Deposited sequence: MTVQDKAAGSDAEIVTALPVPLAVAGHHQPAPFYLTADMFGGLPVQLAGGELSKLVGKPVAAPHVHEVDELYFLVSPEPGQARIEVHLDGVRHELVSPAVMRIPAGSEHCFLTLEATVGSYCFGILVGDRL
């Protein structure tokens, strides 16, 4: 049985700290996605830095009950306010970041890099 428990894996990605990855491209002989992120309640953090990926990134915002988490996604000079649950596509090459406005314990934003 293939079980990975040494998680998250910190990987450096404009981002101050290594991002915490729960799926990496090399797991299980190869995955078509990578998945990073974490709980938002301790992330509610005055600044966020813009950055670009060479692949598409999907933001996946979720909370135990709908509406309990809220983020601002900055995408190429446009501010977008999203309420959980939400999924937003960041096209490869686009400068982007997000800020957590509100989040209950158990709210997550995952960044999913699509190969």
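Annotation: deposited residues 1-11, 25, 57, 129-131 are not represented by C-alpha coordinates in the model.
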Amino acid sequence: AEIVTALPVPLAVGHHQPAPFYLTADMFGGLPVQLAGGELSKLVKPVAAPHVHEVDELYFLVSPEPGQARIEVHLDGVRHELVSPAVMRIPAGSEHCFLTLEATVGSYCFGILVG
From here on, numbers count along this sequence of modelled residues.
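Superpose the two forms; the largest set of C-alphas matching within 1.5 Å is the rigid core.
Take 85-93 and 45-53, fit the other structures onto the shown form by the rigid core, and average the C-alpha distances in 5 other deposited structures of this protein: the farther stretch is 45-53. Higher mean CA temperature factor between 16-24 and 99-107: 16-24, per the PDB entry. For the segment pair 46-54 and 59-67, the entry gives 46-54 the higher mean B-factor, averaged over Cα atoms.
Among the modelled residues of its chain, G38 has a C-alpha B-factor that falls in the highest third according to the deposited record. Split the chain's modelled residues into thirds by C-alpha temperature factor. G77 is in the highest one. The deposited CA B-factor of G29 belongs to the highest third of values across its chain. When the CA B factors of the chain's modelled residues are split into thirds, the value for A1 lands in the highest one.
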